[PDB]
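Asker: I'm passing along data05.pdb; it holds PDB, C-alpha atoms.
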```pdb
ATOM      1  CA  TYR A   1       1.403 -25.078  46.573
ATOM      2  CA  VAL A   2      -1.544 -23.827  48.595
ATOM      3  CA  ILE A   3      -1.817 -20.550  50.645
ATOM      4  CA  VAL A   4      -4.270 -19.632  53.319
ATOM      5  CA  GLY A   5      -4.482 -16.121  54.766
ATOM      6  CA  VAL A   6      -6.422 -12.940  55.572
ATOM      7  CA  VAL A   7      -7.251  -9.451  54.174
ATOM      8  CA  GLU A   8      -9.463  -7.371  56.482
ATOM      9  CA  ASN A   9     -10.805  -3.876  57.034
ATOM     10  CA  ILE A  10     -11.783  -1.298  59.590
ATOM     11  CA  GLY A  11     -14.498   0.706  57.951
ATOM     12  CA  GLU A  12     -13.216   1.496  54.484
ATOM     13  CA  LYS A  13      -9.554   0.737  55.153
ATOM     14  CA  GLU A  14      -7.962  -2.548  54.223
ATOM     15  CA  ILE A  15      -5.532  -2.260  57.051
ATOM     16  CA  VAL A  16      -4.984  -6.027  57.541
ATOM     17  CA  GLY A  17      -3.033  -8.117  55.043
ATOM     18  CA  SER A  18       0.253  -9.965  54.537
ATOM     19  CA  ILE A  19       0.755  -8.144  51.322
ATOM     20  CA  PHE A  20      -0.464  -4.693  50.580
ATOM     21  CA  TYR A  21      -0.823  -3.042  47.188
ATOM     22  CA  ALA A  22      -0.881   0.721  46.576
ATOM     23  CA  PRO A  23      -1.072   1.842  42.896
ATOM     24  CA  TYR A  24       0.245   5.274  41.984
ATOM     25  CA  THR A  25      -1.867   7.304  39.610
ATOM     26  CA  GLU A  26      -2.024  11.027  38.874
ATOM     27  CA  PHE A  27      -2.199   2.394  33.430
ATOM     28  CA  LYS A  28      -0.896   4.864  30.885
ATOM     29  CA  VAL A  29      -0.952   3.871  27.210
ATOM     30  CA  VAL A  30       1.064   5.673  24.570
ATOM     31  CA  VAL A  31       2.100   5.459  20.955
ATOM     32  CA  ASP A  32       5.745   5.534  20.176
ATOM     33  CA  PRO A  33       6.205   6.547  16.445
ATOM     34  CA  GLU A  34       9.865   5.638  16.441
ATOM     35  CA  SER A  35      11.218   5.143  12.976
ATOM     36  CA  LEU A  36       8.732   3.205  10.904
ATOM     37  CA  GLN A  37       7.221   1.249  13.835
ATOM     38  CA  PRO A  38       4.503   3.219  15.835
ATOM     39  CA  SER A  39       3.947   0.629  18.552
ATOM     40  CA  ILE A  40       1.869   0.984  21.734
ATOM     41  CA  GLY A  41       3.337   0.829  25.212
TER      42      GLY A  41
ATOM     43  CA  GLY B   1      -0.950  12.968 -32.837
ATOM     44  CA  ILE B   2      -3.708  10.586 -31.742
ATOM     45  CA  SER B   3      -1.235   9.235 -29.136
ATOM     46  CA  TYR B   4      -0.102  12.276 -27.216
ATOM     47  CA  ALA B   5       3.035  13.583 -25.622
ATOM     48  CA  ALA B   6       1.058  16.418 -24.169
ATOM     49  CA  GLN B   7       2.470  18.694 -26.886
ATOM     50  CA  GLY B   8       0.595  21.652 -25.372
ATOM     51  CA  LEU B   9       2.914  21.434 -22.354
ATOM     52  CA  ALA B  10       5.941  21.243 -24.637
ATOM     53  CA  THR B  11       4.678  24.337 -26.458
ATOM     54  CA  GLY B  12       4.406  26.211 -23.188
ATOM     55  CA  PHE B  13       7.973  25.132 -22.100
ATOM     56  CA  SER B  14       7.065  22.262 -19.777
ATOM     57  CA  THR B  15       4.137  23.814 -17.969
ATOM     58  CA  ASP B  16       3.744  20.204 -16.685
ATOM     59  CA  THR B  17       5.066  16.883 -17.984
ATOM     60  CA  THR B  18       2.238  14.740 -16.601
ATOM     61  CA  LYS B  19       4.387  11.577 -16.952
ATOM     62  CA  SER B  20       2.043   9.086 -15.311
ATOM     63  CA  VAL B  21      -0.906   8.199 -17.618
ATOM     64  CA  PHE B  22      -1.993   6.694 -20.947
ATOM     65  CA  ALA B  23      -0.741   8.783 -23.870
ATOM     66  CA  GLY B  24      -3.736   8.480 -26.120
ATOM     67  CA  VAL B  25      -5.343   6.177 -28.657
ATOM     68  CA  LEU B  26      -3.577   4.323 -31.508
ATOM     69  CA  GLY B  27      -5.699   3.677 -34.580
ATOM     70  CA  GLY B  28      -8.494   5.452 -32.732
ATOM     71  CA  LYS B  29      -8.790   2.004 -31.119
ATOM     72  CA  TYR B  30      -6.097   1.263 -28.521
ATOM     73  CA  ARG B  31      -5.561   3.424 -25.480
ATOM     74  CA  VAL B  32      -1.732   3.401 -25.162
ATOM     75  CA  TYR B  33       0.570   3.772 -22.117
ATOM     76  CA  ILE B  34       4.270   3.957 -21.595
ATOM     77  CA  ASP B  35       5.928   1.323 -19.502
ATOM     78  CA  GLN B  36       8.373   3.538 -17.743
ATOM     79  CA  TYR B  37      10.230   0.525 -16.455
ATOM     80  CA  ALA B  38      10.343  -1.535 -19.642
ATOM     81  CA  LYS B  39      13.310  -3.853 -19.406
ATOM     82  CA  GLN B  40      14.102  -4.431 -23.064
ATOM     83  CA  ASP B  41      11.654  -3.165 -25.666
ATOM     84  CA  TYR B  42       8.115  -4.443 -26.262
ATOM     85  CA  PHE B  43       4.370  -4.030 -26.510
ATOM     86  CA  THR B  44       1.395  -5.809 -24.978
ATOM     87  CA  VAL B  45      -2.106  -5.626 -26.376
ATOM     88  CA  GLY B  46      -4.989  -6.184 -23.988
ATOM     89  CA  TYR B  47      -8.799  -6.226 -23.811
ATOM     90  CA  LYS B  48     -11.046  -4.533 -21.215
ATOM     91  CA  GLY B  49     -14.815  -4.492 -21.157
ATOM     92  CA  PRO B  50     -17.033  -1.840 -19.467
ATOM     93  CA  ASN B  51     -17.806  -4.367 -16.785
ATOM     94  CA  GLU B  52     -15.257  -4.623 -14.034
ATOM     95  CA  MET B  53     -15.578  -8.413 -14.305
ATOM     96  CA  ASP B  54     -14.359  -8.309 -17.926
ATOM     97  CA  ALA B  55     -10.774  -7.138 -17.453
ATOM     98  CA  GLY B  56      -8.655 -10.271 -17.323
ATOM     99  CA  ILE B  57      -6.625  -8.507 -14.632
ATOM    100  CA  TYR B  58      -7.764  -7.039 -11.404
ATOM    101  CA  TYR B  59      -6.374  -4.461  -8.945
ATOM    102  CA  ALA B  60      -8.680  -3.983  -5.939
ATOM    103  CA  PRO B  61      -7.437  -1.243  -3.589
ATOM    104  CA  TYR B  62      -8.282  -1.530   0.073
ATOM    105  CA  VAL B  63      -5.926   1.135   1.417
ATOM    106  CA  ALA B  64      -4.332   3.850  -0.704
ATOM    107  CA  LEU B  65      -2.065   6.812  -0.132
ATOM    108  CA  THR B  66      -2.585   6.551   3.577
ATOM    109  CA  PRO B  67       0.052   8.719   5.269
ATOM    110  CA  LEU B  68       2.702   7.476   7.623
ATOM    111  CA  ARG B  69       4.345   9.815  10.128
ATOM    112  CA  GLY B  70       6.739   9.957  13.086
ATOM    113  CA  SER B  71      10.168  11.119  14.326
ATOM    114  CA  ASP B  72      13.689   9.647  14.919
ATOM    115  CA  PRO B  73      15.117  10.795  18.360
ATOM    116  CA  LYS B  74      18.597   9.759  17.374
ATOM    117  CA  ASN B  75      18.768  13.032  15.469
ATOM    118  CA  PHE B  76      15.137  14.101  15.776
ATOM    119  CA  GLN B  77      14.528  13.931  12.098
ATOM    120  CA  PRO B  78      10.980  13.645  10.707
ATOM    121  CA  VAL B  79       9.385  10.472   9.506
ATOM    122  CA  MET B  80       6.845  10.794   6.723
ATOM    123  CA  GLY B  81       5.527   8.306   4.218
ATOM    124  CA  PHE B  82       2.678   6.493   2.440
ATOM    125  CA  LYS B  83       1.088   3.026   2.493
ATOM    126  CA  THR B  84      -1.253   1.004   0.344
ATOM    127  CA  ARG B  85      -2.947  -2.417   0.445
ATOM    128  CA  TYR B  86      -4.429  -3.419  -2.933
ATOM    129  CA  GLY B  87      -3.911  -7.026  -4.095
ATOM    130  CA  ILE B  88      -3.796  -8.156  -7.686
ATOM    131  CA  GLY B  89      -5.049 -11.085  -9.698
ATOM    132  CA  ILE B  90      -6.187 -12.301 -13.084
ATOM    133  CA  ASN B  91      -8.903 -14.185 -14.763
ATOM    134  CA  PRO B  92      -7.812 -17.610 -13.484
ATOM    135  CA  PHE B  93      -7.628 -19.250 -16.973
ATOM    136  CA  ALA B  94      -6.368 -22.511 -15.411
ATOM    137  CA  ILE B  95       0.301 -16.804 -10.622
ATOM    138  CA  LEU B  96       1.311 -20.312 -11.532
ATOM    139  CA  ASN B  97      -1.713 -20.358 -13.852
ATOM    140  CA  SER B  98      -0.898 -16.905 -15.107
ATOM    141  CA  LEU B  99       2.513 -17.129 -16.762
ATOM    142  CA  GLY B 100       2.118 -16.981 -20.520
ATOM    143  CA  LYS B 101      -1.538 -18.035 -20.213
ATOM    144  CA  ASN B 102      -3.899 -15.023 -19.901
ATOM    145  CA  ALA B 103      -6.010 -14.731 -23.062
ATOM    146  CA  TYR B 104      -6.880 -11.093 -22.383
ATOM    147  CA  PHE B 105      -3.289 -10.058 -23.166
ATOM    148  CA  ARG B 106      -0.631 -10.755 -25.827
ATOM    149  CA  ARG B 107       3.022  -9.697 -25.342
ATOM    150  CA  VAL B 108       5.415  -9.101 -28.275
ATOM    151  CA  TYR B 109       9.138  -8.541 -27.994
ATOM    152  CA  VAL B 110      10.387  -5.792 -30.247
ATOM    153  CA  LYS B 111      13.793  -5.477 -31.898
ATOM    154  CA  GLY B 112      15.340  -3.298 -34.561
ATOM    155  CA  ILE B 113      14.215   0.055 -33.199
TER     156      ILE B 113
END
```
Please render this file's structure as structure tokens.
Answerer:
Amino acid sequence: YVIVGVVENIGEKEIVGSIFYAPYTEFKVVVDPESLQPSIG
Amino acid sequence: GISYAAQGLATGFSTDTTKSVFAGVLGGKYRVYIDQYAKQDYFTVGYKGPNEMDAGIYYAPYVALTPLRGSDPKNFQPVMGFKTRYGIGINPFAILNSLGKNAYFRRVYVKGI
């Protein structure tokens, strides 16, 4: 398909959009040394 | 006693046992080591020059005694260990070209002991 639409702002705020995204931080990467397999999540 | 059993340790009542290295030199010529995993009974004679390229067999460690660590939440028991990466090989003489072929070594099966 094809989509046409608009994201727009008033000053610094991206107030206009069909979809909005708001990440919550305080991308966390950790090592999990479970058993013999210290993988990264 | 040219080939040793570390008799000094025996004398001192096992002050060590050091059971990991070549025992000593037979004939004043051959450095001799115990195969602690020998399957039947045997000896192998081999040559080694001072040059690392004159061994006939190679072991070329990349990683050695690197610790491993962690924990098991099922019971929260520790995980500890060791890894190595070394590789082996021989003077090609052409593994398939190794079996019974490497001139640097001669293996004799021993019976009657």
Asker: I'd like the residues picked by the ChimeraX specification (/B :<8) & /A written out as a CSV table (one decimal) with C-alpha atoms, in the frame of the given file, using the chain letters and numbers from the file.
Answerer:
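Result file follows (result.csv):
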```csv
chain,number,residue,atom,x,y,z
A,33,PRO,CA,6.2,6.5,16.4
A,34,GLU,CA,9.9,5.6,16.4
A,35,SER,CA,11.2,5.1,13.0
A,36,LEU,CA,8.7,3.2,10.9
A,38,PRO,CA,4.5,3.2,15.8
```
Asker: Name the residues in contact with residue 30 of chain A at a cut-off of 12 Å, using all atoms listed in the file, excluding same-chain residues fewer than 5 positions from it; report them as a list in words.
Answerer: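 Contacts, in chain order: residues 38, 39, 40 and 41 of chain A.
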Asker: Write the selection just made, keeping C-alpha atoms, as a short mmCIF file (atom, residue, chain, number, x, y, z; two decimals), keeping the file's coordinate frame?
Answerer:
```
data_model
loop_
_atom_site.label_atom_id
_atom_site.label_comp_id
_atom_site.auth_asym_id
_atom_site.auth_seq_id
_atom_site.Cartn_x
_atom_site.Cartn_y
_atom_site.Cartn_z
CA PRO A 38 4.50 3.22 15.84
CA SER A 39 3.95 0.63 18.55
CA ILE A 40 1.87 0.98 21.73
CA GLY A 41 3.34 0.83 25.21
#
```
Asker: Exactly which residues make up the result of the PyMOL selection byres ((chain B and resi 54-65) around 8) on this file, given as a PyMOL selection string?
Answerer: chain B and resi 47-53+66-67+82-91+102-105
Asker: Do a neighbour search on segment 41-43 of chain B at 12 Å with all atoms listed in the file, toss out local chain neighbours closer than 6 positions, and write the hits as number ranges by chain.
Answerer: B: 30, 32-35, 105-113
Asker: Give me, please, the distance in Å between atom CA of residue 3 of chain B and atom CA of residue 31 of chain B, quoted to one decimal.
Answerer: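 For atom CA of residue 3 of chain B relative to atom CA of residue 31 of chain B, the distance reads 8.1 Å.
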Asker: Please provide as a ChimeraX atom specification all residues within 12 Å of residue 7 of chain B, with the sequence filter that same-chain residues fewer than 3 positions apart are discarded (counting only C-alpha atoms).
Answerer: /B:1-4,10-18,23-24
Asker: Take atom CA of residue 99 of chain B and atom CA of residue 27 of chain B and report the distance between them in Å, one decimal.
Answerer: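 Atom-to-atom, atom CA of residue 99 of chain B to atom CA of residue 27 of chain B, that is 28.6 Å.
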Asker: Check what the PyMOL selection byres ((chain A and resi 18) around 9) selects in the file above and give those residues as a list in words.
Answerer: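 Going through the file, the PyMOL selection byres ((chain A and resi 18) around 9) ends up selecting residues 5, 6, 7, 16, 17, 19 and 20 of chain A.
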Asker: Please indicate the distance in Å from atom CA of residue 28 of chain A to atom CA of residue 9 of chain A, rounded to one decimal place.
Answerer: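 Between these atoms lies a distance of 29.3 Å.
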